[PDB]
Amino acid sequence: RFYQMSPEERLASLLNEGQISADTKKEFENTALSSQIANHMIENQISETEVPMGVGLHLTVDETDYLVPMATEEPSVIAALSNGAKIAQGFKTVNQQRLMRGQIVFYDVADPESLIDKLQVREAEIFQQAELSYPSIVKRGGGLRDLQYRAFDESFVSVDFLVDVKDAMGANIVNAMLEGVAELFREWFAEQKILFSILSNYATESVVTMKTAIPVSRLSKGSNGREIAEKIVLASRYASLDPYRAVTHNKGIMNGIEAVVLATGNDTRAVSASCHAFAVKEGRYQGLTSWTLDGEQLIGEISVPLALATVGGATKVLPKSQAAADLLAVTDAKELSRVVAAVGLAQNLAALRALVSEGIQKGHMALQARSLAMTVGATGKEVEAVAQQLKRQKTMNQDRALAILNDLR
Amino acid sequence: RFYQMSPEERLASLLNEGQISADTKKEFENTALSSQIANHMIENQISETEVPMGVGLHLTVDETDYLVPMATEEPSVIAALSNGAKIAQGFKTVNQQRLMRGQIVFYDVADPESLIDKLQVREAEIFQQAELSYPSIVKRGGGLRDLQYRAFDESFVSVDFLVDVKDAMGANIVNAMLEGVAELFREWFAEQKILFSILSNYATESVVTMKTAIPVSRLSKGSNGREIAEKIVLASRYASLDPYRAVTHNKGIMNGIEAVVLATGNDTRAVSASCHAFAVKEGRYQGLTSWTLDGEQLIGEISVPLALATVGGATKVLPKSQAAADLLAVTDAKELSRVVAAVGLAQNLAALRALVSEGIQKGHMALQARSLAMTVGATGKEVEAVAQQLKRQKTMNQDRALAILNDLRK
Ligand SMILES: CCCCc1ccc(NS(=O)(=O)c2ccc(O)c(C(=O)O)c2)cc1
Ligand SMILES: CCCCc1ccc(NS(=O)(=O)c2ccc(O)c(C(=O)O)c2)cc1
Ligand SMILES: [Ca+2]
């Protein structure tokens, strides 16, 4: 059976059955992550996806400078982060919490108030069972912190667990705790029915809020920085009115956030789900940032749930995660979340400035022009000279870039 | 001048400045994607992230069987997809559309009605110029299909463009078209002001709806399949009541969807943004699937916006994307979206069945027992033999798995 075959046997079988070509088999064999690691981490393993990784520059958070590992396939994301970080100069923490959530959900509950009374008088025993079900997190100074109770639909009761999982994302800790407590619940309440017991990825107790305050002159190379700031404010407010913009606005933010999450070995689906769900405010999907003009400064703020990890999951077992974490110089998960939120705000700034100025299309083209200048051998003032001239005609390629460079030499 | 340096020079500089260790530099150098490709795709390039890729099994969509490339770092995702697909047996398309969206947004509009009237009488010219701004897509049978107009509070007007981008995701086509039309708008309306012109990732005209119908006996190896089906229906209903569950429910779906999107070289942020926004219904974030009982069958349905690509972006320039596409063997992007939506529904089925039965933790450990057996060298009948013995006691690691394997071989 395929599940029980070695990776080599799996690839040989796919080729034999005509499901992949010999060239595809050879490419699937071209890997850099150890086969033993890859085949351990997932099931039915055959190969890997390689996502380019680069370095985001100029980010400063609470007066500490960072070099940001960013894994993405999308052109201009990393250059845009670097551009936004450089404009903003620095980011400051406004607020931060870090707890992870789980739930045990009962169903067919005749009297939710009565069930809640029986749970609430037993909270000390629940906390003791939570520790017994995962003792190591308590030893390390974390563990269950709070129990909350919600009733739904005259049938359901959610017992909400708020847990300090220290530097892990917390799925294994929380799920082990919940399974152990659910076993005790089944002993105590043999006639109540538990539907499921599972983590929640909606990590509303891991929200971090970061801000920046930018002199408006930094928003343009000319004298119209205030008029750019006013337009950034309008574009950000427009995301609160039109979900077709809000989705794209937040997608841009996530181009930066997801790139760091992926590079550091964190779970990209969990961050995406928590951030996009948090975008729903007052019943409408809206932007995750706010931009306002205060005096002669453009003020930006982001607020996102970032239950990120510096240990566990794929943060250590994948060697590239460890390499990215060395570059980023962060071992504390609270700090990781502050940095990642700042990346999202810097990314959004670069996007909004471009959108309301030359446009993102022209912004991409300017990056392409500079790349072409560098590829054909321009150095120093030559790079900006070739790139600026490339921008004056619509067709750009290496032949034209070299002709410009050689004409200038 | 980090953007000008070569990748090797970048890594040497980071080492020289004490920002990375020698061991980190060596690991960053351990790469399988061509440096020339990686350095041209992104900026400030130094290395790559490697995401394990496996094969999701048993998926059938509209009576065609598939083998699904899935790139993920999370244990159990691929085996869970395979389990859900096997239980479901097959998926059927309910409906599908495929158009991409962009917008030109005007601001400080004194009279939105008058502006819309002036644009609407000029649609032929808008259609003529959208072609001129990207003629290849029209030559290929695509292009602009519809213009819509929305006015807002605070003096904004959005001109909405609905575009057939054929097998591309469409960012380059749509953004080029919008830029060219915006130039024409500026010539026409000197007193109006355009705030921006950009695609929308909220691809509500690329929604696909897929369904499955499952005899309830298939939900348990015992005689209680109907009772499992009832609990799946209630767990799915609960996601309509509690956003704390809905987010996790949809995250599970996206473990499967994102794995295929990533493996095929598609943009994972775009799919995540469109799918999670689409989860908002009647002002509340809810599940992307529905499960009901009808005719002693468990009936599941998913509906997601999937503006996916089989050309462009990273679908061809990354060799692993082409390898994944060979394995998957879809004919066009519409078919890719149908398969990916079916993956999401199969994933959700496997998750809900486990949640209401033995629990996800027990399901993870059963898979870990087999994985440990294979990691230490078990083959054939040894895989299940080692795994079954591992589950009889508490310690789940490689040392114990190897001790069992060597003992069984004595
Ligand atoms: C210094 C470069 C200037 C131009 C530029 C700016 C940003 C990006 N990347 S982005 O922020 O990820 C991004 C991409 C596409 C988008 O549509 C959006 C959005 O609409 O908000 C955001 C790319 C180019
Ligand atoms: C045959 C395996 C049986 C057990 C099992 C089933 C599914 C998965 N993966 S999953 O669907 O991606 C997923 C993971 C974690 C989750 O909390 C959820 C959710 O809550 O919906 C979903 C893993 C294990
Ligand atoms: Ca079916």
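Its PDB record attributes the structure to X-ray crystallography, giving the resolution as 1.2700 Å.

*Asks:* I tried to follow the interface of chain A and chain B on my own but got confused; where do I start?
*Replies:* Reports often express the size of an interface as the amount of accessible area lost when the parts come together. Contacts between the two partners involve 116 residues from chain A and, on the opposite side, 117 residues from chain B. On the chain A side of the interface with chain B, the three residues burying the most area are A:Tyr244, A:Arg269 and A:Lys320, jointly 8% of the side's total. Our count for the chain A to chain B interface comes out at 15 salt bridges. The salt bridge involving A:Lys251 is made with B:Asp267; its shortest N-O contact spans 2.7 Å. Our enumeration of links across chain A and chain B arrives at 57 residue pairs in polar contact. It is strand β1 (residues 45–61) of chain A that provides the largest number of residues to the side of chain A that touches chain B, a total of twelve residues.

*Asks:* Would you explain the packing of helix α11 (residues 268–278) of chain A against helix α10 (residues 243–263) of chain B in this entry?
*Replies:* Helix packing geometry: the angle between the two helix axes and the distance between the axes. One can describe the packing of α11(A) onto α10(B) by two numbers: an axis separation of 9 Å at closest approach and a directional angle of 135°. It follows from the interaxial angle that α11(A) and α10(B) lie oblique. Viewed along their axes, α11(A) and α10(B) form a crossing whose handedness is right-handed. Contact residues: A:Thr268, A:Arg269, A:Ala270, A:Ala273, A:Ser274 and A:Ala277 in α11(A); B:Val247, B:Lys251, B:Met254, B:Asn255 and B:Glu258 in α10(B). Here the contact of α11(A) with α10(B) is composed, by residue class, of five nonpolar, three polar and three charged.

*Asks:* Can you walk me through the pattern of salt bridges in this structure?
*Replies:* Note that side chains of opposite charge can pair when their charged atoms are close. For the structure on display, the rule yields 41 salt bridges over all chains. The partner of A:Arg269 in a salt bridge is B:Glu74, with the nearest N and O atoms 3.0 Å apart. With one member in each of two chains, A:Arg269 in helix α11 and B:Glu74 in the loop between β4 (68–71) and α4 (77–88) form a pair that bridges those chains. Here A:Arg269 and B:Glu74 have matching classes, each one buried. Residue B:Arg409 is joined to B:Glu382 by a salt bridge in which the shortest nitrogen-to-oxygen separation is 2.9 Å. Remark: B:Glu382 occurs in helix α15 (residues 381–390) and B:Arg409 occurs in helix α16 (residues 398–409); sequence separation between them is 27 residues. Its relative accessible area of 47% is what places B:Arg409 among the partly exposed residues. Beyond isolated ion pairs, a larger network of salt bridges with shared partners links A:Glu73, A:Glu74, A:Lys251, B:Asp267 and B:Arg269.

*Asks:* Just checking my understanding: could you explain the coordination of the calcium ion (ligand 3) for this structure?
*Replies:* Any two of four tetrahedral donors ideally make an angle of 109.5 degrees at the metal, while pairs among six octahedral donors ideally make 90 or 180 degrees. Residues and elements named next belong to chain B. Here the calcium ion (ligand 3) is held by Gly-90 (O), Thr-212 (OG1), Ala-213 (N) and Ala-213 (O), and the distances to it run 2.9 to 3.2 Å. Between the donor residues of the calcium ion (ligand 3), the gaps in sequence give the motif G-x121-T-A. Pair noted here: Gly-90 is in the loop between α4 and β5 (92–96) and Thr-212 is in strand β10 (residues 207–215), with a separation of 122 residues, a long-range link. For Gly-90, a relative accessible area of 22% translates into the label partly exposed.

*Asks:* Explain the packing of aromatic side chains to me, please; I cannot follow it from the model alone.
*Replies:* A ring pair, where both rings are aromatic, is described by two values, the distance of the centres and the angle of the planes. Scanning all chains against the criterion turns up 16 aromatic pairs over all chains. Ring plane angle 45° and centroid distance 5.1 Å describe the contact between A:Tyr244 and B:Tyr202, whose orientation is recorded as tilted. In this pair, A:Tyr244 sits in helix α10 (residues 243–263) while B:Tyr202 sits in the loop between β9 (193–200) and β10, so the two residues belong to two different chains. One exposure class covers both A:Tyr244 and B:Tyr202, and it is buried. Lying over the aromatic face of B:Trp188, B:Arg122 brings its terminal NZ or CZ to 5.8 Å of the ring centre. Sitting above the plane of the B:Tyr107 ring, B:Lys193 keeps its charged end 5.3 Å from the centroid.

*Asks:* In this structure, what is going on with the site of ligand 2? I would like to understand it.
*Replies:* Close to ligand 2 lie 19 residues; B:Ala80, B:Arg245, B:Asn255, B:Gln347 and B:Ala351 are nearest. Ligand 2 sits at a junction of chains, with neighbouring residues supplied by chains A and B. Note that an oxygen atom of ligand 2 is positioned 2.8 Å from one of the side-chain N or O atoms of B:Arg245. Contact between ligand 2 and B:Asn255: an oxygen atom at 2.8 Å from a side-chain N or O atom of the residue. Taking 540 Å² as the accessible area of ligand 2 by itself, protein coverage stands at 92%. Of all the secondary structure elements, the ones that give two or more residues to the shell around ligand 2 are α4, α10, α13 (333–356) and α14 (360–375) of chain B. Among the elements that take part in the shell around ligand 2, α13(B) stands out by supplying five residues, more than any other. Taken together, the residues of the shell around ligand 2 sort by class into nine nonpolar, eight polar and two charged.

*Asks:* Explanation requested: α10(A) in the structure shown.
*Replies:* All names here are of chain A. With 21 residues, α10 ought to run about 30 Å at 1.5 Å a step, and its terminal C-alpha atoms sit 29 Å apart, in line with that. The largest bend along α10 reaches roughly 30° and is located at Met-254. Judged by how many residues are buried, α10 sits mostly within the fold: 20 of 21 residues are covered. For α10, the side-chain oxygen to backbone nitrogen distance between the N-cap and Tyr-244 is 2.9 Å, and the N-cap itself is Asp-242. Just downstream of α10 lies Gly-265, where phi reads positive at about 80°.

*Asks:* Is there a simple way to think about helix α13 (residues 333–356) of chain A in this case?
*Replies:* Residues three or four positions apart in an α-helix share a direction because the helix packs 3.6 residues into each turn. Residues and elements named next belong to chain A. With 24 residues, α13 should cover 34 Å at 1.5 Å per step; its first-to-last C-alpha distance of 35 Å lies within 8% of that length. The element α13 is extensively covered by neighbouring structure, given that 22 of its 24 residues are classed as buried. A side-chain oxygen of the first residue of α13 lies 3.3 Å from the backbone nitrogen of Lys-334; this N-cap is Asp-332.

*Asks:* So what exactly am I meant to see when it comes to the UniProt feature "binding site: Ca(2+) 2" (unreviewed entry) in chain B here?
*Replies:* Residues and elements named next belong to chain B. Following the UniProt record, the feature "binding site: Ca(2+) 2" (unreviewed entry) maps to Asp-146 and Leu-147 here. Assignment of secondary structure puts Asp-146 in strand β7 (residues 143–151). Apart from the residues lying within four places of it in its own chain, the contact partners of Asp-146 are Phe-127, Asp-160, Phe-161 and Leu-162. At a separation of 3.0 Å, a polar atom in the side chain of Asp-146 contacts the side chain of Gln-148. Relative to the helices and strands, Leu-147 resides in strand β7.

*Asks:* What is the right way to read the UniProt feature "binding site: Ca(2+) 1" (unreviewed entry) in chain A from this model?
*Replies:* UniProt tags A:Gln19 and A:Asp326 as "binding site: Ca(2+) 1" (unreviewed entry). Taking the farthest pair of C-alpha atoms as the criterion, the annotated set spanning 308 residues is dispersed, since that pair is 40.2 Å apart. Mapped onto the secondary structure, A:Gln19 falls in the loop between α1 (7–16) and α2 (22–29). Among the residues examined, A:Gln19 registers a relative accessible area of 33% and is labelled partly exposed. For A:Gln19, the residues in contact, after removing those within four places along its chain, are A:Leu14, B:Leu67, B:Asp326 and B:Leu327.

*Asks:* Would you mind showing me how to read the sheet that holds strand β4 (residues 100–107) of chain A here?
*Replies:* Read from one edge of the open sheet, four strands run β5-β6-β4-β7 (chain A), paired in antiparallel fashion. One side of each edge strand has no neighbouring strand; the edge strands of this open sheet are β5 (143–152) and β7 (193–200) of chain A. Neighbouring strand axes in the sheet, compared pairwise and without regard to direction, differ in orientation by 20° on average. The sheet contact formed by β5(A) and strand β6 (residues 156–164) of chain A spans nine bridges and is antiparallel. Residue pairing for β6(A): A:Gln148 is matched across the bridge by A:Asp160. Running over the sheet, helix α8 (residues 171–188) of chain A touches β4, β5, β6 and β7 of chain A and is turned about 165° from β7(A). Across the sheet, helix α9 (residues 225–239) of chain B lies against β4, β5, β6 and β7 of chain A, angled at about 50° from β7(A), the strand it touches most.

Rules used throughout
Residues numbered from 1 in each chain as written, not as in the entry; some residues may be left out. Chains lettered and ligands numbered in written order. Heavy atoms only, no water. Contact = heavy atoms within 4.5 Å. Buried area = accessible area lost by both parts, 1.4 Å probe. Salt bridge = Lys/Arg side-chain N within 4 Å of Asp/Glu carboxyl O. Polar contact = N/O pair within 3.5 Å; in protein donor to acceptor, adjacent residues only side chain to side chain. Helix = DSSP H or I, 4+ residues; strand = E, 2+ residues; numbered from the N terminus. Axes fitted to C-alpha atoms, helices over the stretch in contact; angles between N-to-C directions. Parallel < 35°, antiparallel > 145°, perpendicular 65-115°, else oblique. Left-handed = near helix turned anticlockwise from the far one by under 90°. Nonpolar A, V, L, I, M, F, W, Y, C, P; charged D, E, K, R; others polar. Buried < 20%, exposed > 50% of the residue type's maximum accessible area, 1.4 Å probe, protein only. Donors = N, O, S within 2.8 Å, 3.2 Å for Na, K, Ca; no water. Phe/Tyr/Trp six-rings, centres within 6.5 Å; stacked < 30°, edge-to-face > 60°. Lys NZ or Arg CZ within 6 Å of the ring centre and 35° of its normal. Near = heavy atom within 4 Å. Areas by Shrake-Rupley, 256 points an atom, 1.4 Å probe, with all protein chains shown as cover. Expected span 1.5 Å × (residues − 1). Bend = angle between axes of the 7 residues up to and from the residue. UniProt positions renumbered as here; feature names shortened; annotations may be inferred. Pairing = 2+ DSSP bridges.

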